[PDB]
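Comments concern the structure below.
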Amino acid sequence: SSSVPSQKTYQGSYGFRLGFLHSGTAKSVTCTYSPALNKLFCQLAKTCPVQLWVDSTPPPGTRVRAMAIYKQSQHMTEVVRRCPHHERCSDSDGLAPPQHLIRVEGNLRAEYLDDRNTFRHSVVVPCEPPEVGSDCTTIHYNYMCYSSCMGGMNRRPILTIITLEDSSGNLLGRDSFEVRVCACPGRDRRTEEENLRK
Ligand SMILES: *c1nc(F)c(C#N)cc1F
Ligand SMILES: [Zn+2]
């Protein structure tokens, strides 16, 4: 078992926080975010856009890191990893180790860390300013196991912790959201929001 990174929201000096698109809950949806649950629902290995919002521009060399932890207290010391099936299915893009649950899509500067002390996985990219005509920068994540994968997440809820870091890895900001990776994200978001309203 491993030490548990903080999940405490921390806007920091740059006013760092996440944002999510409004994709709705139709059958064709592959990634959908519930503000009422603070929970992203997505399909396996599909694009998950996450917005990075800041009040002021952080220095060049600022990076942004994603890491998964188990939400429940009896599981939070366990490293989140891909299940024994998906870690062996040879689907690495050449950067992501096959054990890593979270990948970054479409960024050749993504770096993947296996922490030498905690053995936790994370993926980190340079934080870049918004493009022209945009108010935020967007990262595309992929989740490479289902929440239900036996021997992996095994139906246990996870959180993704997003940290803004300086070039040394020191904390500048932190935010987080729950994730369910499932075949029917729109149907599952509708169900869980309906459960919350009852
Ligand atoms: C990461 N890096 C940046 F440079 C900005 C700006 N501006 C935002 C961010 F999330
Ligand atoms: Zn799996």
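Following the order of the structure tokens, chains are lettered A, B, ..., residues in each are numbered from 1, and ligands are numbered from 1.
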
Give the alpha helix (DSSP H) residues of chain A, as DSSP finds them on the backbone, and put them as a PyMOL selection string.
chain A and resi 185-196

Could you pull out the residues sitting within 9 Å of ligand 1, using only C-alpha atoms and all ligand atoms, and write them as a PyMOL selection string?
chain A and resi 14+16-18+51-64+126-130+135-138+164

Give me, as a ChimeraX atom specification, all polymer residues having an atom no more than 10 Å from residue 156 in chain A, counting only C-alpha atoms and skipping those fewer than 4 positions away in the same chain.
/A:70-72,75,147-149,152,180

Which of these residues is nearest to ligand 2, using only C-alpha atoms and all ligand atoms: A:85, A:155, A:189, A:109?
A:85

Between A:104, A:184, A:89, A:162, which one has atoms that come closest to ligand 2, using only C-alpha atoms and all ligand atoms?
A:89

Choose the residue, out of A:80, A:48, A:124, A:139, that has the smallest atom-to-atom separation from residue 68 in chain A; count only C-alpha atoms.
A:80

Non-local contacts of residue 6 in chain A (12 Å; only C-alpha atoms; under 4 positions in same chain excluded) as a ChimeraX atom specification:
/A:10,67-71,76-77,159-163,171,173-176

Contacts of chain A with ligand 2 up to 7 Å, shortest pair per row, only C-alpha atoms and all ligand atoms, as JSON lines:
```
{"residue": "A:82", "atom": "CA", "partner": "ligand 2", "partner_atom_place_in_ligand_line": "1 (Zn)", "distance": 5.4}
{"residue": "A:83", "atom": "CA", "partner": "ligand 2", "partner_atom_place_in_ligand_line": "1 (Zn)", "distance": 4.3}
{"residue": "A:84", "atom": "CA", "partner": "ligand 2", "partner_atom_place_in_ligand_line": "1 (Zn)", "distance": 6.9}
{"residue": "A:85", "atom": "CA", "partner": "ligand 2", "partner_atom_place_in_ligand_line": "1 (Zn)", "distance": 5.7}
{"residue": "A:86", "atom": "CA", "partner": "ligand 2", "partner_atom_place_in_ligand_line": "1 (Zn)", "distance": 4.5}
{"residue": "A:144", "atom": "CA", "partner": "ligand 2", "partner_atom_place_in_ligand_line": "1 (Zn)", "distance": 6.9}
{"residue": "A:145", "atom": "CA", "partner": "ligand 2", "partner_atom_place_in_ligand_line": "1 (Zn)", "distance": 3.8}
{"residue": "A:146", "atom": "CA", "partner": "ligand 2", "partner_atom_place_in_ligand_line": "1 (Zn)", "distance": 5.5}
{"residue": "A:149", "atom": "CA", "partner": "ligand 2", "partner_atom_place_in_ligand_line": "1 (Zn)", "distance": 4.5}
{"residue": "A:152", "atom": "CA", "partner": "ligand 2", "partner_atom_place_in_ligand_line": "1 (Zn)", "distance": 6.2}
```

Can you work out which one of A:150, A:4, A:42, A:95 has the shortest atom-to-atom distance to residue 28 in chain A, counting only C-alpha atoms?
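That would be A:42, the residue with the smallest distance to residue 28 in chain A.
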
As a ChimeraX atom specification, please: every residue in range 99-190 of chain A that DSSP puts in strand (DSSP E or B).
/A:102-104,111-114,121-126,137-143,158-165,171-181
